[PDB]
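First the structure, in the form of structure tokens, and then the observations on it.
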Ligand SMILES: CCCCCCCCCCCCO[C@@H]1O[C@H](CO)[C@@H](O[C@H]2O[C@H](CO)[C@@H](O)[C@H](O)[C@H]2O)[C@H](O)[C@H]1O
Ligand SMILES: CCCCCCCCCCCCO[C@@H]1O[C@H](CO)[C@@H](O[C@H]2O[C@H](CO)[C@@H](O)[C@H](O)[C@H]2O)[C@H](O)[C@H]1O
Ligand SMILES: CCCCCCCCCCCCO[C@@H]1O[C@H](CO)[C@@H](O[C@H]2O[C@H](CO)[C@@H](O)[C@H](O)[C@H]2O)[C@H](O)[C@H]1O
Ligand SMILES: CCCCCCCCCCCCO[C@@H]1O[C@H](CO)[C@@H](O[C@H]2O[C@H](CO)[C@@H](O)[C@H](O)[C@H]2O)[C@H](O)[C@H]1O
Ligand SMILES: CCCCCCCCCCCCO[C@@H]1O[C@H](CO)[C@@H](O[C@H]2O[C@H](CO)[C@@H](O)[C@H](O)[C@H]2O)[C@H](O)[C@H]1O
Ligand SMILES: *C(=O)CCCCCCCCCCCCC
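Residue numbers (full-length UniProt numbering), protein chains in the order written: chain A, 1 to 459; chain B, 13 to 91; chain C, 4 to 129; chain D, 41 to 107; chain E, 1 to 56; chain F, 32 to 186; chain G, 2 to 37, 60 to 126; chain H, 2 to 122; chain I, 73 to 156; chain J, 9 to 179.
Below you can see the structure in the form of structure tokens.
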């Protein structure tokens with residue numbers, strides 16, 4: 001992985017040694033080059049994973065997450081350079097360095113072979129993310145969003161540290177390849193119940209699990225655009241990625257330990273989908289929509305079937321591109337009217353025709369129109385949970401209905417109707433904004449042509 | 013630019029608006045907007061077909077074209 | 004037959020007994036309400052028609068609404084009988100209901116499989 | 041245009057619309073008459089419907105009561 | 001089989017072509033509606049060939 | 032927008048009530064908060080629970096699509112009462128009577144369908160007859176076994 | 002229930018302005034200033072060549088040399104065989120049916 | 002029509018059951034009863050690919066009609082006589098079913114009438 | 073494609089087929105009450121006849137103010153963007 | 009808000025439109041419209057306000073009973089089939105300010121005349137604001153009514169968005 005870690009590190013000196021007016025041009029160009037080289041990770045074999053060294057490995061789960069991670073960095077830079085135009089040079093460079101260090105921690109997190117190395121990098125992501133929200137967020141509530149984000153995570157992550165260290169003493173190793181061969185069954189007992197909870201609660205907060213989700217709408221409403229993009233596209237998937245790995249060593253206890261969390265997710269998805277119908281804040285609506293989408297991922301990971309694990313991987317990738325695109329769409333309005341209220345600016349299709357097309361495609365992916373990978377992943381989970389229990393099709397089906405209702409409510413409210421009379425600063429869409437939207441949707445729709453590369457190791 | 017037909021030609025006499033004028037006159041009442049509706053009862057609008065007549069549109073020629081056809085079919089049926 | 008108003012079908016204004024009876028006190032209130040409306044309309048129009056204004060006319064009414072619908076709720080929330088009873092009847096009850104629905108269904112199906120009575124002849128995708 | 045609007049008067053018509061309308065109306069009535077002359081069975085039934093009460097007990101194989 | 005399966009697929013491909021042209025590869029806004037109508041008419045003709053083979 | 036122009040806690044004294052009414056651009060006699068349960072309404076006014084569809088369409092609204100004026104207090108559930116959602120307009124038929132007639136019609140149909148299923152219509156004919164042991168082989172019967180011979184006679 | 006003297010005057014003043022604004026929406030003669060049967064058959068022959076012939080060549084090549092070279096990609100319902108038919112491949116003749124009774 | 006009023010509104014013990022008929026032996030009151038003759042063989046109906054519901058005692062007329070249709074293409078107004086012959090064979094097949102219903106009814110009536118003779122005695 | 077004179081021509085045409093109005097006294101400026109002797113119930117019927125004529129609704133608040141043929145012409149012209 | 013006379017005349021207009029929805033045919037409508045007029049004429053000269061208000065309330069109850077459940081609506085009226093049909097084509101005039109120079113170059117004459125209107129709007133603004141200030145009661149405006157221009161060369165205060173509003177058929 002050094003062929004990705006080192007060039008990522010080199011982006012830091014490139015930014016700092018760039019001419020004053022070239023920090024955005026240079027960092028975007030070379031972060032796009034790194035993204036290009038990340039396709040070499042697609043050398044995945046049918047039986048064995050791609051095991052580089054004693055530290056890093058890549059398989060069909062981490063590969064799409066890595067390619068999404070390295071793709072987001074250039075997008076985040078394009079999305080951030082407008083509202084940062086008045087910032088002084090040193091602070092712009094510092095902002096870019098936080099984004100680069102986040103990519104460094106993320107690519108290492110997804111390929112770490114040892115679970116304690118995964119833990120340290122999984123926690124290292126907190127620092128740059130917290131700094132981005134609290135330093136470059138816009139409103140007073142960003143300080144409280146930083147604290148809720150920090151302490152929710154640590155509240156669950158510290159028990160995980162104790163459980164992982166305990167596992168290493170008992171088993172002798174935390175190397176994931178070794179755990180595949182040395183794993184032993186977990187027998188029922190109160191000690192193993194809390195070991196299960198310690199192993200999983202940290203990842204549940206990251207998803208976030210319904211009930212532990214209140215930090216997420218706070219973080220999004222206060223975060224800058226790049227903060228929201230990485231939070232929604234990638235950081236939430238750390239929890240799903242961690243669960244997909246740690247569940248290996250929790251069988252068969254997961255058979256009954258899963259039940260309370262499946263009920264929270266199955267009912268939570270309906271509650272959070274219905275909440276989206278009444279949200280007044282556009283960023284808060286999209287943040288609540290992610291909770292509904294990740295409720296599916298939690299259920300898929302917990303029921304532990306080949307179809308559900310493939311659906312989870314497709315859903316995690318599809319949601320990342322879609323949710324990030326929705327934030328970028330909402331932000332483009334915000335940079336004009338400087339408000340997040342959904343009802344403030346209406347009928348925008350009359351004033352920004354092409355931008356209204358991006359809104360349509362993002363909405364269509366959000367409600368999982370076939371054959372988008374949003375639908376492929378969601379359909380696979382529905383197929384697998386029906387076999388788990390036929391009754392679940394009622395909840396899954398109802399959630400499909402509510403999801404279409406709130407996705408199109410968002411589209412109809414902002415794009416259709418009559419434009420607000422007194423809003424007269426809706427300037428035409430910039431090339432930067434249109435390119436930013438197209439760099440989300442185009443890769444998303446292309447992936448429909450070759451879904452196998454985002455279906456994970458169970459494919 | 014547009015030419016409006018003379019307004020004096022609109023008279024209720026000889027139309028069902030005259031029947032209303034007699035039914036109202038019995039009660040002491042009178043209808044002041046009668047001539048405003050008279051165009052709908054005169055001219056090319058004076059006489060419209062009944063429902064049966066609307067269905068039988070084209071029956072006369074469809075019948076003649078049919079009497080010939082069966083007549084021709086019978087003639088060939090004897091050759 | 005009198006009109007029977009409902010939550011989703013308001014009483015027609017023309018059938019409201021209040022409207023036809025207008026006292027001087029009521030007419031005073033109606034004038035006072037029109038004074039507020041006119042004052043706000045002028046304050047809006049002097050910005051709306053300003054030729055040099057490019058941007059959004061901030062509406063404190065809209066700001067108050069979005070603020071109330073989120074930020075102002077917890078500070079004015081009190082845990083009494085009503086809040087806990089609603090809080091527990093719709094925040095933990097559904098989870099219990101679904102747990103028993105799904106646990107009962109899965110236990111029934113697990114028993115059938117273990118006796119070989121559930122038909123899974125062609126079932127090799129899960 | 042070729043057809044100008046009128047006020048309170050029957051509209052101006054073209055020959056083409058009137059003749060084409062009459063052709064397809066007479067075409068319909070010829071088609072119904074022609075089809076009926078040949079395929080009245082499609083309307084009135086294709087085969088006779090027997091009256092079961094007119095079937096003897098010999099052919100139905102009903103034995104006499106004293107048996 | 002070679003004529004049946006080929007014509008049955010050209011009907012569907014023919015319908016997509018006005019959509020693809022609208023990516024400005026060859027753009028004729030002057031009478032796009034006439035273009036779309038013409039494509040439907042040709043698709044109708046080419047679909048009647050496999051229909052006739054089925055009826056036969 | 033200052034803190035004094037934002038929603039606050041439930042108004043306890045008449046002086047606070049007068050301040051709330053002025054803050055929300057309402058007459059003090061018209062202003063009325065939600066009940067001081069623990070539901071978190073604060074001092075936000077409780078306005079009539081009416082659809083925006085019920086509002087006069089001819090008046091020159093500042094927001095003609097919403098039928099709102101700039102500065103006027105928004106109903107707590109304004110987003111539910113937009114013209115695309117819940118309508119509360121008066122109806123030509125009483126709400127209770129509509130529910131009776133709709134329910135009665137559906138209930139009667141369901142009953143009659145049960146009757147029709149219990150006493151079905153059919154023609155006076157015996158079963159349709161098929162050759163070769165009621166098409167035993169065609170229907171998928173096992174060739175090796177022997178079906179019971181189905182025999183149909185002339186009549 | 003009529004206009005007041007000041008309502009009449011304002012309405013008249015806005016009327017004059019509104020009609021002058023509408024008149025100014027008419028385009029001048031030069032606007033827009035733009036930057037610098061056998062025909063029927065020809066236009067229909069070229070449409071058939073590029074929208075039917077070329078696609079059918081592409082599809083036929085695709086089906087003949089790429090799709091039908093793989094098993095079970097194009098599967099046909101086998102032809103119906105009736106009594107008295109002759110099979111082309113083998114030359115076999117299907118027998119006629121048992122003789123019908125009168126009816 | 003009429004038969005449904007008798008069963009649902011009148012005596013139903015003397016009325017045929019469409020779902021259980023016949024309930025009397027096919028040789029009851031029928032000395033030497035002949036079997037129905039199938040003209041088309043199983044292989045002929047299998048190769049003609051007849052829909053299973055069409056593989057009845059009139060299948061030979063349907064096979065002959067289907068062959069004519071293919072041979073007469075594109076003339077789709079031909080094969081009228083072949084089609085009618087199949088239609089007529091199906092009409093007689095239906096009339097036979099009508100007789101089985103009437104036979105069952107009269108045997109049910111004869112039986113109940115015989116029980117009263119026994120019930121009276 | 074209405075014109076200012078066209079609207080006036082039809083507004084007077086309708087009023088000349090109204091039996092309560094003398095067709096010779098009627099002019100564009102005739103006040104319906106002061107000059108033609110009609111009442112407020114008559115005025116409602118006139119406005120309804122103008123809505124039928126031009127096929128669009130004049131709301132009551134606006135309709136109650138149209139007290140002469142010229143005012144109706146000005147209202148219709150303004151509503152339909154007629155400037156010539 | 010509405011006087012007694014206003015309420016009666018609105019009821020008369022409303023009743024006739026619903027009556028017409030029932031009658032459909034013109035000769036039938038003319039007959040029953042004259043009977044309905046004669047019912048309003050029976051109490052035209054009723055001078056007792058309490059008696060008159062009683063008649064109005066009962067008439068409104070009688071209207072509600074006999075109203076058409078599906079009255080005719082003019083197509084462009086609120087609730088009509090063409091209501092707001094053309095809103096999507098109504099683009100505000102300020103959008104032209106954001107046009108690219110190559111786009112404006114295609115309409116040199118229109119955009120020259122647009123500059124004059126913007127010039128007229130700029131020069132008139134201060135007088136409109138001044139006039140509104142000096143004619144508004146101390147407490148604030150009591151009604152939404154606006155004044156005309158008083159001097160030659162002055163434009164009526166707050167005219168731009170009325171005068172330059174989109175055309176009713178903007179395309
Ligand atoms: C004993 C071991 C020590 C190892 C040290 C190895 C590196 C030593 C580097 C010394 C030269 C640094 O040069 C110094 O830094 C920057 C970066 O070029 C220069 O100037 C810089 O200005 C701006 C941003 O700062 C940019 O246009 C660009 O980055 C550069 O031109 C300074 O004008 C120069 O004074
Ligand atoms: C479930 C596992 C994770 C649980 C983690 C929970 C630990 C606490 C995390 C957030 C810590 C934030 O620290 C503090 O929290 C309280 C409320 O919680 C905030 O308090 C906020 O709400 C209170 C009342 O509700 C106000 O009086 C206060 O003005 C406001 O700041 C503080 O502003 C914040 O400084
Ligand atoms: C969101 C929160 C989710 C919380 C989920 C809570 C899960 C609850 C799991 C209950 C099962 C716990 O694990 C269970 O504990 C009991 C002791 O009580 C253990 O019992 C063990 O010790 C007892 C001592 O009395 C013996 O009698 C018993 O024979 C032995 O099995 C079981 O070995 C184990 O099956
Ligand atoms: C994967 C299969 C892809 C097959 C690729 C085949 C490539 C053939 C390139 C042909 C390019 C035609 O490009 C497109 O054709 C239409 C019709 O012909 C033309 O359109 C023009 O002709 C039509 C005729 O009905 C009229 O609407 C009008 O005269 C005009 O629009 C334009 O020229 C262009 O819009
Ligand atoms: C071919 C179609 C076949 C299916 C036809 C089905 C029609 C069946 C309709 C059943 C529903 C009838 O429902 C019934 O209506 C009448 C009429 O108001 C109501 O009758 C009652 O309400 C009215 C109105 O308030 C009052 O005058 C009085 O209280 C009473 O008459 C009953 O309260 C209701 O129960
Ligand atoms: C005799 O074959 C009757 C055929 C069906 C008649 C349907 C007409 C309407 C309902 C009457 C059916 C009788 C139900 C017992």
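Backbone N, C-alpha and C fix where the C-beta goes; we use that ideal spot for every residue, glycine too.
With 16 other Cβ atoms within 10 Å as the buried cut-off, status of residue i
i              : result
residue 88(D)  : exposed
residue 29(G)  : exposed
residue 78(D)  : exposed
residue 44(C)  : buried
residue 50(D)  : exposed
residue 176(J) : exposed
residue 355(A) : buried
Contact test: residue i Cβ vs ligand 6 heavy atom, cutoff 8 Å
i              : result
residue 152(F) : yes
residue 85(D)  : no
Continuous alpha helix (DSSP H) stretch holding residue i: start and end
i              : result
residue 261(A) : 259–276
residue 35(J)  : 34–49
residue 165(F) : 162–166
residue 18(E)  : 2–20
residue 119(I) : 112–126
residue 96(C)  : 96–117
heavy atom of ligand 1 below 8 Å from residue i C-beta
i             : result
residue 88(A) : no
Any non-hydrogen atom of ligand 2 closer than 8 Å to residue i Cβ
i             : result
residue 48(A) : no
Between the region 266–280 of chain A and the region 295–308 of chain A, do three or more beta carbon pairs fall short of 8 Å? Yes: at least three Cβ pairs fall under 8 Å.
Using a Cβ cut-off of 9 Å, which residues of the region 41–58 of chain C contact any Cβ in chain A, in chain order? Hits within the stretch, in order: 47, 50, 51, 56, 57 and 58.
Under 8 Å, with one C-beta from each stretch per pair, do the region 77–91 of chain F and the region 109–119 of chain F reach the 3-pair mark? The answer is yes - the region 109–119 of chain F touches the region 77–91 of chain F, with three or more Cβ pairs under 8 Å.
Check whether the region 441–455 of chain A touches the region 371–391 of chain A, counting contact only when three or more Cβ pairs, one atom from each stretch, lie closer than 8 Å. Counting C-beta pairs with one atom in each stretch, the region 441–455 of chain A and the region 371–391 of chain A have three or more that are closer than 8 Å, which means they touch.
Count the CB pairs spanning the region 79–97 of chain H and the region 4–16 of chain G that are closer than 8 Å, and state whether there are at least three. The count of Cβ pairs closer than 8 Å, one atom from the region 79–97 of chain H and one from the region 4–16 of chain G, stays below three, leaving the stretches out of contact.
Under 9 Å, CB to CB, which of the residues in the region 70–87 of chain D have a partner in chain B? With the criterion set as a beta carbon lying under 9 Å from some beta carbon of chain B, the members of the region 70–87 of chain D are 70, 71, 72, 73, 74 and 77, in sequence order.
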